[PDB]
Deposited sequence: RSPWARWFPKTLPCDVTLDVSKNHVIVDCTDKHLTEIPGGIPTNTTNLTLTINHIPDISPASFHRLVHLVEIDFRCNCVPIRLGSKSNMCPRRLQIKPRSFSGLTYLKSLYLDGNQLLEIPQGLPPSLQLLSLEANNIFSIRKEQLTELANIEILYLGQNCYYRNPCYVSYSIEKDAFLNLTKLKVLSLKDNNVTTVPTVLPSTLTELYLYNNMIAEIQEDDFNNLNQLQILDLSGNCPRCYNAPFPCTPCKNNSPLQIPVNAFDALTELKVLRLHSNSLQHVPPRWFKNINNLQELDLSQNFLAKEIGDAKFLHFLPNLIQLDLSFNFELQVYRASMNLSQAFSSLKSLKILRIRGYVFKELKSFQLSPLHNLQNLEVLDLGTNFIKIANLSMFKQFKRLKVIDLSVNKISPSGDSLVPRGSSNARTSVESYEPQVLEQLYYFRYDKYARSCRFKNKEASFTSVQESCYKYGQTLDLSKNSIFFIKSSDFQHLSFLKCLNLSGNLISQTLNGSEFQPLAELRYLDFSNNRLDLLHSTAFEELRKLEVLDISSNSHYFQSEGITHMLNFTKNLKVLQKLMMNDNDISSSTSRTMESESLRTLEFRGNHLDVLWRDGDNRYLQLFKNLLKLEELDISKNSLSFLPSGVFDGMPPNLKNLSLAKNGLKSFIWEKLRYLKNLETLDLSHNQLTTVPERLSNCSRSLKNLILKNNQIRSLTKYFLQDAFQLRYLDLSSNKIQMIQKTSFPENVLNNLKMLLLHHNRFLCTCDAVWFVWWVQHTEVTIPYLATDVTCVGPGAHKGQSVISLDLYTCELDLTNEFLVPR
């Protein structure tokens, strides 16, 4: 199919429209730039390899390069692998880039460089030097960068990459970079705002440094600035998950009342973790276009009840006041200033970590007439008491977030506390109004708890303490509910009328309610589904279900059932036929996950007991030691079969004689050592085949006919035991010449032998002696 097999260990992609030739050698275990990169290459990515040096020979023929991504070939020791440490910093020889007349972007992050590389072409718009060892910026070193527009210099001096001195920037070092728009000096041990800066700047990142004072006029000329981040200067260090040294005398970052006067275009101001005790209104007197303000992790508890500065922010969209609580103070309630009611445009208000015992509707009245409010986040406040009915006045909201509180009758998990949330590396909301009570202490629910909440579309009760026999009465007011997350509670399914009052329920998650399923004698009614007439998806994963009082689950509507992490092996004990049709009467079911059910064999009758429209079946991670492939004929609509992570040793003699319809067959991580003589013969709408991580030694053409192999969208063969003898001549030739996508050819499709060929890639194999 190809006359010239591709031997380059990089992925090569073509974008005709933009005339781009994309060569991606990410994580190919290279120790040298590979030979034979196409001369027309425009984008070359060499990230995460161990190439030790760059030189004029490196990109000699690649004169059309617009981008070189050469990140992390020598990452600082504390940031990189300790098993394969980089022995010596990257070496860049003179004139390696000067011939790259079209070069627009150069990423050299994470290479332990000591200086800004010189000789850079004047076409360059973007230079990235994060996580190097450059901590002195001099003007001579920047003249080469006359046309630069984006400059990343951060993470060159901080606790994961120390330089042991203060960062140094020469007076006016950046001022003649007349096109510079984005400057990032974060995580750098910087002590003063550099001046004077070019007035073209749109974004200035100065966060996580040692700046104790802003001068008057530090930002005097930046009338185009749109984003300013001064966070983490004078940090709030309590419970910090990184080594944290506060400014002396409990001092805040000191910002003169007029410091932002010039910033008329400012849209985002981030003052997270600056130990602020007051927010002077004067700050915002000539900023009228501000949309995003981050004041989290300061000491603004007393200020939130006053907050006169809010009157100057009628265009604010997002306000974050999280984690401003006074240490060791557990306030009785939340005191929001009336000034909040002047925030016409506010869509998102986050006030986590205010820390108070009781939320009362009257406390939220300053927010009552904010017409655009979409998210109210009061998580992580240790609230013990909240009458949920108070949110009848907030029907317009999209998300009411009370996650992680102590109530009883999506941001990253580390978000407010991590060092740099933007560090670069080498859900039910869509259903409508959402009330998030997850991770609270709700141990008993009753209908009155939800009075005036009929508008709710998604209720998250995950991770409460609900240990109750639901009888269909607990959720009466929730007439519109489409999504209920009940996971990680202690559901007791004594009554099959559980949940039946949620008449519009489409998704139900009762996963990780294993508690009552773990003790003998307790009754479980798994047929509670019959009464839910629009239920589309049911998740009951990790419930340890090993017994059921009812012998059939019933639904006219269910399409998806997740049943992972249960004990169907016990339910289907050989000789007990009573539960072999447990899923048979789920007549619209198309997807069934019964992985992780300890099913070491499938009793005969399982496949005949499947519902008729089953499309996606997972039997993964079952320790399956044998499989009667012929029984798949019962599954007349089957299109995806996931048998991964089992102990299978054979494939069917004729996949065409087992499942005529099957499109995706996943057999990775089994014990298959050979294929049947005619395995894929006539399997014409097979499209995806994963045989990776098995023990296959040889494959012959009869098992792998081309009538099927090139209608394959992907064929996975890596991590097997291929024997590269003269018997493998067809397989080797086909792999070398095929158009079919086979991942990891450059890295993990390898001969195990014989001898000379051990560890050699099949792509590089020369078997001419077989043809002498």
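Asker: Deposited sequence versus model: which ranges have no CA atoms?
Answerer: No C-alpha for residues 1-4, 414-436, 454-467, 814-823.
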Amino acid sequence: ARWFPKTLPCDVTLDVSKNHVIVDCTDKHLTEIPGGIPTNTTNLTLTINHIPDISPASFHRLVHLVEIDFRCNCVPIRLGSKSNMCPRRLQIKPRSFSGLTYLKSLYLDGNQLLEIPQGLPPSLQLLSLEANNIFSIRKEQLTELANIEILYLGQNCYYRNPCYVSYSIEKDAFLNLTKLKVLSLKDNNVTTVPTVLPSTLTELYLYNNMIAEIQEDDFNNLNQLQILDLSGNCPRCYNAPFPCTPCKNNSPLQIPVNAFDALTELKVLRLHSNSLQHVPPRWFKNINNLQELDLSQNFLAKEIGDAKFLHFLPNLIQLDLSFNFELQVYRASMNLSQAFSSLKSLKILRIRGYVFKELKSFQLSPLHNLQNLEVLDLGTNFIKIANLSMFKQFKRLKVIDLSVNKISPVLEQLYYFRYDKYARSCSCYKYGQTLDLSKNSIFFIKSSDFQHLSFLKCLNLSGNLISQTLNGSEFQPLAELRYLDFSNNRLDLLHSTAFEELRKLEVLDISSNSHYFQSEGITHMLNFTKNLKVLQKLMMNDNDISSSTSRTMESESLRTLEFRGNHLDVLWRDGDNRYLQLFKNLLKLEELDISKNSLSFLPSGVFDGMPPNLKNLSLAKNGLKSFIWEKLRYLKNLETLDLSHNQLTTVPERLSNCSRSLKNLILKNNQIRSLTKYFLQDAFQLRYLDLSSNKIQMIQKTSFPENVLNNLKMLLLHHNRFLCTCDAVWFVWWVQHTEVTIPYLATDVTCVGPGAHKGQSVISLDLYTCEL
From here on, numbers count along this sequence of modelled residues.
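So that the term is clear: the rigid core is the largest set of C-alpha atoms that superpose within 1.5 Å between two forms.
Asker: Superpose by the rigid core: which stretch, 657-665 or 534-542, shows more Cα shift in 5 other deposited structures of this protein?
Answerer: Higher root mean square deviation of C-alphas in 5 other deposited structures of this protein is shown by 657-665.
Asker: Which stretch is less alike in 5 other deposited structures of this protein, 505-513 or 676-684, counting RMS CA distance after the rigid core is superposed?
Answerer: Looking at 676-684 and 505-513 in 5 other deposited structures of this protein, the bigger mover is 676-684.
Asker: I need to verify one thing: averaged over C-alpha atoms only, is the B-factor higher for 498-506 or for 319-327?
Answerer: Averaged over C-alpha atoms, the B-factors run higher in 498-506.
Asker: Select between 594-602 and 85-93 the stretch whose C-alpha atoms have the higher average B-factor in the entry.
Answerer: Result: 85-93.
Asker: According to the deposited entry, which of 487, 73, 221, 626 has the largest Cα B-factor?
Answerer: If I rank 487, 73, 221, 626 by C-alpha B-factor, first place goes to 221.
Asker: Out of 397, 459, 113, 153, which residue has the highest Cα temperature factor in the PDB record?
Answerer: By C-alpha B-factor in the record, 397 ranks first.
Asker: Taking the entry's C-alpha B-factors for this chain, is residue 14 in the lowest, middle or highest third?
Answerer: Highest third of the chain for residue 14's C-alpha B-factor.
Asker: Going by what the PDB entry lists, where does residue 37 fall on CA B-factor within its chain: lowest, middle or highest third?
Answerer: Tercile = middle for this residue's CA B-factor.
Asker: Lowest, middle or highest third: which one holds residue 43 when the chain's residues are ordered by CA B-factor from the entry?
Answerer: CA B-factor rank for residue 43: middle third.
Asker: If you rank every modelled residue in this chain by C-alpha B factor, which third holds residue 762: lowest, middle or highest?
Answerer: Tercile = lowest for this residue's CA B-factor.
Asker: Among all modelled residues of this chain, ranked by Cα B factor, put residue 30 in the bottom, middle or top third, i.e. lowest, middle or highest.
Answerer: Answer is middle: the recorded C-alpha B-factor places it there.
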